[PDB]
Structures are given as structure tokens and as C-alpha cells.
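This report refers to the structure that appears directly beneath it.
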Amino acid sequence: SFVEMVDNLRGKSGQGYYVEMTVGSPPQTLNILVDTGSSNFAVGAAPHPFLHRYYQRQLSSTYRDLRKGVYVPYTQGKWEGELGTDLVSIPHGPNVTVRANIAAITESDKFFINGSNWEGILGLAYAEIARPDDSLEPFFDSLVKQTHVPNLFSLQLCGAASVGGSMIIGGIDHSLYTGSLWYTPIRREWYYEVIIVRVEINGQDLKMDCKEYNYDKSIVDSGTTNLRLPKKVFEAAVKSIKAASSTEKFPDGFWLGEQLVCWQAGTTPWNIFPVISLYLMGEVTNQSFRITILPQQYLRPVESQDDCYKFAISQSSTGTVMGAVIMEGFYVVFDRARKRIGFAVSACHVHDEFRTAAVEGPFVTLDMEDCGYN
Ligand SMILES: CN1CC(N)=N[C@](C)(c2cccc(NC(=O)c3ccc(Cl)cn3)c2)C1=O
């Protein structure tokens, strides 16, 4: 289908998947972190110790200055920059060129990560969470308006010694998944917000009130490594995961994500660790489906003679974040036109001979609308 875009993502393990883009005329080439959990297109536009290249506005004949500052504080870090527009391309994407808003980052703190090899961020979420407000049109919105690129993109993030993946823009490559695509509704267009209606650890129901799972929201976020869970849910989950994997004991530096666990060679005993399943609201009334990941997703290799891992499930005060530990099991279709998100078993996901990630349905589920926090 879209062979031109397959494998257009790279990254360093635990640093973020970026795509190559060009900004300006003549085109200045940059690496840009793909982030479905934000909605500003912002790039380094002044020297920084962790930047090697950066957007030089004065060298672009198509640069237009909006003459307005943007200040973006995160939990951390933060940056500030200057709003402007310019022509923008994605070389291993659709062969088009669009004019888009760009926040030129001129000062930052604890934002740019050394070794990450990305010089900017492409926020693919919606205008409502854009800075400085929702009147600043996000990149993907501009792309779709100025082109015949359909209003949909799909990400395959691979485990899988450098990470790789594909961002297919405007459609769905059937070679990137197996089995069926199952769709959950986007509850509201800001984050890519979804509703989780059941959680299992090795088939055992976490057995919480379902709105705990989405307190105060659940989102699909390529800009986050971990599966992050609301405090209550997180405690119930690690307790369950601890019980399930009890044949082996681990320092609780481990369950906090501080400490590593290690094993010889390919001696990692995947089978003692439980699978984790989230049920997502389906497109049909009282119908859900479930996605299931392996320890190969939630145990992240840290790079000898031994294999070592960090525990990548962690707690959150801002609701569920389905970051890369989730996404790396699946081909994820962000179907903006139909206001829904699709998941299929990923053709590149890491697993062993006996287990694989799963997408399965349907399951009869009642009162699913009630699982959403207001
Ligand atoms: C809290 N938050 C989350 C999010 N989605 N977006 C940003 C704006 C953000 C800022 C800077 C870096 C990153 N991501 C990473 O560095 C990253 C992403 C994915 C992996 Cl697999 C690894 N690293 C995200 C945020 O502030």
C-alpha cells in the first residue's frame, strides 16, 4: 500500500520515536518526536547543548513571523518560543508540502534530551490542548485541509539496538498488522481520549469500579514510554502482577521503576510474568473488545552477558496513559474522520514462541458509558 512510508520512524530505546521532516525554503532537515499526547509543532530554533542542528528562520525565504510568544510549561520540563509559519515537508511521508504553524523554541529547560536525536516535537492531538490556545491550528489539521491526504494516520511502534516503526499518513498498511482491526470511540477530541471498561491480569479481573480506570481520563499517547495508571488502579495492578509472578522474588526498587532485574542470555523467564488486558468500549452498543500485552512490552530492556530490564508500569495523577508499552503491541489507527481509534495485533511486536499480544472481541458489556469520568 504505502511502502514509501513504512519504517519511517527511528529512535533510541526509551527516548521517543521521531520522524524526519524539513522546514523552510530551502528545506532544513530535522528529526521530530511523534507525540499523540500534545498538539503543538515546536522545533529548536536557537543553539542548545543537546541540539546539533536547529531551525534557522533567517535562512528561509518562506518564513513568516507571527510576532507572538508561546510559553509551554510541562510537569517538566518547559520551553518558550516564537510563533511563526513556514512550508513543511515529510520526506518519507506523503509527497506534499504544507504551510503550518511552528513554535520556534528559543529557550528551554529540561525539555531537550541528550542522545535522543530529535530536535522538535510534532503534537498530533487536537486544537483544544494547543498552546497558547485552540486558535493555533495544529499541524495535522493543516495538512489535511491543504491536501487530499485523508484525515487519518496510523502508527506501528516496534520493540523490537535502536527502535524503529512506521507512521502511515492518510491510510492503513495491511502489512503492518495481523488479524482484525477493532475500533474504540474517541470520547472527545482533545487528547485521544478513550474509555477502558475492564482490566485483567492473567484473566483475573482487577475488579474495580470502572470509572477508576479512566480517572480522570484515558489516552493513547505515543509521547510516553510507560503504561501509566491512576494511583488506586496502579496499586491493585502491581499487587496482582506481584502475586502472579511470585515464583521469582524482586527488590521493590523494581516495582517502583528504580531498580533492574537481570538474567543470563536469553534466560528471561517470560512465562512467570502475567499478560495484561484492557477492555475498550466498542463501536457497537454494550459491546467491548480487549487488547492484551506481554511482559515483553512492560519490561523494558536496559543496555553484558546478562539481560536487564526496568518495570515500565507506573502511577499517574492525570489518568491512564497508554504509552509505548501498550502501543508497541499493536498497529494503532488514529481514525480522525470516523472519530475512533483502531488496534490490531502488530506484525512487528516482541513476544516468544508461546504467547503473543492479542486483539479479541466482542464481549458483552453493560453500562459502559458509566465508566467515563466527567
Ligand atoms: C508529559 N508529556 C507527555 C507527552 N505526550 N508529551 C510531552 C509534551 C513530551 C515532552 C517531551 C518529551 C516527551 N516524550 C519522550 O521523551 C518520550 C516519548 C515516547 C517514548 Cl517511547 C520515550 N520518550 C513528551 C509531555 O510533556
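Each chain in the C-alpha cells gets a letter, A, B, ..., in the order shown, and its residues are numbered from 1; ligands are numbered from 1 in order too.
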Polymer residues at most 7 Å from residue 311 (chain A), only C-alpha atoms, same-chain spacing of 3 or more positions, as a ChimeraX atom specification: /A:254-255,257,298-300
Expected answer as a ChimeraX atom specification: strand (DSSP E or B) residues in region 154-268 of chain A: /A:154-158,163-169,177-185,189,192-194,196-201,204-205,218-220,227-230,261-264
Contacts of residue 276 (chain A) within 6 Å, only C-alpha atoms, excl. fewer than 3 positions in-chain, as a PyMOL selection string: chain A and resi 200-201+292-293
Nearby polymer residues, ligand 1, at most 6 Å, only C-alpha atoms and all ligand atoms, as a VMD selection string: chain A and resid 14 to 16 35 37 to 38 74 111 221 to 225 324
Pull C-alpha atoms from the residues just selected and write them as a PDB file, in the first residue's frame.
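Heads up, here's the output in result.pdb:
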```
ATOM      1  CA  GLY A  14      13.367   4.872  25.881  1.00  0.00           C
ATOM      2  CA  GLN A  15      13.825   8.278  24.210  1.00  0.00           C
ATOM      3  CA  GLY A  16      10.987   8.612  21.708  1.00  0.00           C
ATOM      4  CA  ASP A  35       3.585  12.739  20.027  1.00  0.00           C
ATOM      5  CA  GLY A  37      -0.365  13.403  23.528  1.00  0.00           C
ATOM      6  CA  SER A  38       0.214  17.045  22.533  1.00  0.00           C
ATOM      7  CA  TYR A  74       5.255  20.832  31.374  1.00  0.00           C
ATOM      8  CA  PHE A 111      12.933  19.634  27.629  1.00  0.00           C
ATOM      9  CA  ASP A 221      -0.028   8.589  23.885  1.00  0.00           C
ATOM     10  CA  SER A 222       2.986   7.870  21.672  1.00  0.00           C
ATOM     11  CA  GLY A 223       4.839  10.565  23.632  1.00  0.00           C
ATOM     12  CA  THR A 224       5.019   8.432  26.779  1.00  0.00           C
ATOM     13  CA  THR A 225       7.056   5.265  27.427  1.00  0.00           C
ATOM     14  CA  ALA A 324       4.561   2.850  24.212  1.00  0.00           C
TER      15      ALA A 324
END
```
A:308, A:233, A:321, A:291 ranked by distance to residue 357 (chain A), top pick (using only C-alpha atoms): A:291
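Here the DSSP assignment of alpha helix (DSSP H), based on backbone atoms, applies within region 166-351 of chain A to residues 231, 232, 233, 234, 235, 236, 237, 238, 239, 240, 241, 242, 243, 244, 295, 296, 297, 298, 324, 325, 326 and 327 of chain A.
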Selection: 12 Å around residue 3 (chain A), only C-alpha atoms, excl. self and same-chain fewer than 5 positions, as a list in words: residues 8, 92, 93, 94, 166, 167, 168, 169, 171, 172, 173, 174, 175 and 176 of chain A
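The closest residue to residue 365 (chain A), picked from A:80, A:307, A:107, A:283 and counting only C-alpha atoms, is A:283.
Taking only C-alpha atoms into account, residue 314 (chain A) lies nearest to A:256 out of the set A:196, A:256, A:220, A:371.
Computed from the coordinates, the CA of residue 138 (chain A) to CA of residue 126 (chain A) distance equals 6.9 Å.
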For residue 75 (chain A), the nearest of the candidates A:119, A:62, A:109, A:203, counting only C-alpha atoms: A:109
